[PDB]
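Next up: a single chain in structure tokens, the form deposited in one PDB entry.
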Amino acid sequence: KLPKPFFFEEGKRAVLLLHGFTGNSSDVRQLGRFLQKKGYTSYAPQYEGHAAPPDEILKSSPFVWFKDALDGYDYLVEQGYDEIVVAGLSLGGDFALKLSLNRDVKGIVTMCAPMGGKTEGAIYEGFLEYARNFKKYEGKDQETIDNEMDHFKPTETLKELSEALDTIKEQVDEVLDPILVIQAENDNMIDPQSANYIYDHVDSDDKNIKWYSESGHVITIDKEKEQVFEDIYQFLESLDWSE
């Protein structure tokens, strides 16, 4: 079956977990379980059209996906959690930055968040591979997959994704809340220098950047995730929680 949002309720300190483009909640579930073991509540929404046939992404929009992130914050508040850190992977990291400008958070974690809307190359081919692997998961023959991929038109989606990323890059200088920037040194999906840009251009008074030398882009499921989780926990423990 396909992943669904998850909601692990423990103490009153809460973390909103935002996944990446073409990702879903399974990319942050292990982080959610780690946070739960450390006593933090977490909620991981899913963007419209994700965890679903890839055509549903083509019918959706980054503008909807950011409202899905905002809806996740508002859900935590409706469920009784007022103090919230937003932690985002890849596109979700950009959304975490932008969400902090739209909602009160105690802190921000960005994890391999791109700065800038270059979609040519790795992100384009990553989207196509995502669509091909889903069609295989649908049990489709190789001929139907090939035929269907010749009619898969990702251009408009990638253009909106590009414009959303560019807009957020120009909002980085408005970010004020405490921040942990996490980045894989050998990221083959985005430019790892994006992390230096975020770290240097946010206006936060409390910031930290951490580099990981043996992980790929999806750092929350790769081989150093235990250290990433520990570093996130140390950040969370440093923040201005009321309890």
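Throughout, rigid core stands for the largest set of C-alpha atoms superposing within 1.5 Å between the two forms. Numbering starts at 1 and runs along the sequence shown.
The same protein has a further form, the form deposited in another entry, not shown here; the description that follows concerns it.
Overlay on the rigid core first, then point out the one of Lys169, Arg103, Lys135, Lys106 whose CA is displaced 2 Å or more between this form and the one not shown.
It is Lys135.
Return yes or no for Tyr75: a CA shift of at least 2 Å between this form and the one not shown, with the rigid core superposed?
For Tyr75, whose C-alpha is compared between this form and the one not shown after core superposition, the shift is less than 2 Å.
Superpose on the rigid core, then tell me if the C-alpha of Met115 is displaced by 2 angstroms or more between this form and the one not shown.
False for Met115: its C-alpha shift is below 2 Å.
If the CA atoms of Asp27 and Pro154 move by 3 Å or more in the other form, do they move toward each other or away, so closer or farther than here?
Those two alpha carbons end up farther apart in the other form.
By 3 Å or more, the Cα spacing of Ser194 and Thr119 differs in the other form; is it closer or farther than in this view?
Relative to the displayed form, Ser194 and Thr119 draw closer in the other form - a change of at least 3 Å between their C-alphas.
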